[PDB]
Amino acid sequence: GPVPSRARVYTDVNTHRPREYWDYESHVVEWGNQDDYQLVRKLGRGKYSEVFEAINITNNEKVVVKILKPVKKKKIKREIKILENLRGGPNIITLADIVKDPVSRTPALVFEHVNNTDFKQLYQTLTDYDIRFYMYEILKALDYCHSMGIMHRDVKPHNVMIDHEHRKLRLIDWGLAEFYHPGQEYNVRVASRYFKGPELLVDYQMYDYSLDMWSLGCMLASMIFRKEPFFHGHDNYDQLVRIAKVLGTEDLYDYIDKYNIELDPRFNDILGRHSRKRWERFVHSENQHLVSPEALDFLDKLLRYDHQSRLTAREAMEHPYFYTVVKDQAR
Ligand SMILES: Cc1cnc2c(S(=O)(=O)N3CCC(CCNCc4ccc(-c5ccccc5)c(Cl)c4)CC3)cccc2c1
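Residues numbered from 1 in each chain as written, not as in the entry; some residues may be left out. Heavy atoms only, no water. Residues with missing side-chain atoms left out of burial classes, pairs and counts.

### Focus on the environment of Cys145
- In this fold, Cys145 is placed in helix α4 (residues 128-147).
- Residue classification places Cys145 among the buried residues on the basis of a relative accessible area of 0%.
- With residues up to four places along the chain from it excluded, the contact list for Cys145 reads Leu86, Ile150 and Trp174. (Helix = DSSP H or I, 4+ residues; strand = E, 2+ residues; numbered from the N terminus. Buried < 20%, exposed > 50% of the residue type's maximum accessible area, 1.4 Å probe, protein only. Contact = heavy atoms within 4.5 Å.)

### Concerning the packing of aromatic side chains
- All chains considered together, the criterion is met by 22 aromatic pairs.
- Ring geometry for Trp279 versus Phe282: centroids 6.5 Å apart, planes at 55°, classification tilted.
- Judged by its relative accessible area of 11%, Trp279 falls in the buried class.
- Take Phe282: its relative accessible area is 25%, and that puts it in the partly exposed class.
- An aromatic cluster of at least three residues, connected via ring pairs, comprises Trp214, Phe225, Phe230, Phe231, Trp279 and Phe282.
- The ring centre of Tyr21 lies 4.2 Å from the NZ or CZ of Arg17, which sits over that ring. (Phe/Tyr/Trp six-rings, centres within 6.5 Å; stacked < 30°, edge-to-face > 60°. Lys NZ or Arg CZ within 6 Å of the ring centre and 35° of its normal.)

### Here's the deal with the domain arrangement of the protein
- As far as domains go, the protein holds domain 1 (5-22 + 114-331) and domain 2 (23-113).
- Between the C-alpha centres of domain 1 and domain 2 the distance comes to 27 Å.
- If you look at the interface, domain 1 gives 25 residues, while domain 2 gives 19 residues.
- Taken together, the two surfaces of domain 1 and domain 2 that pack against each other cover about 2,100 Å², and 57% of this comes from carbon and sulfur.
- Summed over the three residues of domain 1 that lose the most area to domain 2, namely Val114, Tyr144 and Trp174, the buried surface amounts to 28% of that side.
- Taken together, the links from domain 1 to domain 2 amount to 2 salt bridges.
- Here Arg78 makes a salt bridge to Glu178, at a shortest N to O gap of 3.1 Å.
- Counting the contacts that link domain 1 with domain 2 gives 9 residue pairs in polar contact.
- Broken down by secondary-structure element, the contributors of at least two residues to the side of domain 1 that touches domain 2 are α1 (19-22), α4, β8 (168-171) and β9 (178-179).
- With 5 residues, the top contributor of residues to the side of domain 1 that touches domain 2 is α4.
- Considering only residue class, the side of domain 1 that touches domain 2 consists of 15 nonpolar, 2 polar and 8 charged. (Domains from an automatic or database assignment. Buried area = accessible area lost by both parts, 1.4 Å probe. Salt bridge = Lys/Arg side-chain N within 4 Å of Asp/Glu carboxyl O. Polar contact = N/O pair within 3.5 Å; in protein donor to acceptor, adjacent residues only side chain to side chain. Nonpolar A, V, L, I, M, F, W, Y, C, P; charged D, E, K, R; others polar.)

### A few points about the state of the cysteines
- Using the criterion set out here, one finds 0 disulfides in the structure.
- Here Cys145 is not disulfide-linked; the sulfur of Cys218 is the nearest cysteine sulfur, at 17 Å. (Disulfide = S-S within 2.5 Å.)

### Some thoughts on helix α2 (residues 73-86)
- When the terminal C-alpha atoms of α2 are compared, their 20 Å separation across 14 residues agrees well with the 20 Å that a helix rising 1.5 Å per residue should span.
- Just downstream of α2 lies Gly88, where phi reads positive at about 85°. (Expected span 1.5 Å × (residues − 1).)

### Observations regarding the UniProt feature "domain: Protein kinase" in the protein
- Within the UniProt annotation, "domain: Protein kinase" is assigned to residues 37-322.
- Between the C-alpha atoms that bound residues 37-322 the distance is 41 Å, and the span itself is 36% helix and 17% strand. (UniProt positions renumbered as here; feature names shortened; annotations may be inferred.)

### Some thoughts on the side chain of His146
- You can see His146 is positioned in helix α4.
- A relative accessible area of 4% places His146 in the buried class.
- Only 3.4 Å separates the side chain of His146 from the backbone oxygen of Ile150, close enough to count as a polar contact.
- At a separation of 3.3 Å, a polar atom in the side chain of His146 contacts the main-chain carbonyl oxygen of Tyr209.
- Not counting the four nearest positions on each side in its chain, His146 is found in contact with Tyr10, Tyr209, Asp212, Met213 and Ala313.

### Some remarks on helix α10 (residues 293-302)
- When α10 is considered as a whole, its buried residues turn out to be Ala295, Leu296, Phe298, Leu299, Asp300 and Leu302.
- Of the surrounding secondary structure, the elements contacted by the buried residues of α10 are α4, α6 (210-225) and α11 (313-317).

### Observations regarding unusual backbone geometry
- With an omega of -5°, the peptide bond between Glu228 and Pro229 qualifies as cis.
- Along the chain, the position of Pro229 falls in the loop between α6 and α7 (236-247).
- Its identity as a non-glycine residue notwithstanding, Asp203 has a phi of 70°, on the positive side.
- For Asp203, the location among the structural elements is in the loop between α5 (198-201) and α6.
- For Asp203, a relative accessible area of 47% puts it in the partly exposed group.

### Here we look at the nonpolar core
- Core analysis: the biggest nonpolar cluster contains 84 residues, and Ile150, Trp174, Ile224 and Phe298 have the highest contact counts within it.
- Viewed by domain, this core spans two of them, domain 1 (5-22 + 114-331) and domain 2 (23-113), each represented by three or more residues.
- Setting aside anything within four residues of it in sequence, one finds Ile150 in contact with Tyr21, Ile82, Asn85, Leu86, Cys145, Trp174, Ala177, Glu178, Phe179 and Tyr209.
- Core analysis: the next-biggest nonpolar cluster, separate from the first, contains 11 residues, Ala7, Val190, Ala191 and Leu211 among them. (Core = buried A, V, L, I, M, F, W, Y, C linked by side-chain atoms within 4.5 Å.)

Listed below in structure tokens is the structure:
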């Protein structure tokens, strides 16, 4: 059976909190008054929610309403508790209220007003500096939630809002997030395929905050190399193959050995043998303006098989890739 693993940081943060902090099954939702909010316009739709701009009529505040599609009550409680625990954190969406929808009977989360810039208009105009800046802003949200004992587990472009006009950013969709407890075995069937860590793909359940750092690395690769998604698997198996064709099979098998992970002998044959590639082979005339030695060094230190060897959020924030942004922020 597999060798156990622990977060290198924020290991015991939840153990030191009152049980109610993380024991979301005990949480009692006190519903607000639905009549306080009038929907104004639809902003977007997901498979799990509909998002609207609304107005709080009690006081004339602009608000955003996320009307949840039916999900298991446990997972709704989890997301609410996490949002409440993280309220006020840097670049975390701020949950103002919780109301039941009259029509669908389903829950509606009410947030402090947030703006999204149509990314497509930005994508073609995003500088090397901009990427460093926004990556730093994401890292502030991740360091915060990790420090608060919470893994996002679904880091991806769709879960990152920017308001480019005001240089503002928000990490959204906390629906897959979970509390970190040392020893706990988590469901590996989380995150979008392109951003799943190797730990998920090889079925190592005793994972931690460092999952988010892999996903972040996948995002960084897609941005600097202009290749979205960067690791484009067509299935969960091929996802790991795409990774292995870049990082190499030697380090993959070293990881599996270190943690005594049992992998299907079939998987071993379809994985094959691949050299570790230099990152330079993915630089081309279109993307080279986004790529620096510092960007590649940083990327290298996120995208490791061994979850324990990846940078933490706080370490990442100290990395040379961010030096001029930090200096400039401290204007
Ligand atoms: C709570 C809530 C829920 N939804 C809301 C909606 S929505 O549902 O319509 N909405 C969902 C979110 C989606 C995100 C677009 N992300 C683009 C992006 C951003 C940053 C990066 C990036 C990272 C690192 C370095 C450089 C760039 C990249 Cl690569 C891409 C837009 C659409 C609108 C308004 C307010 C809402 C409020």
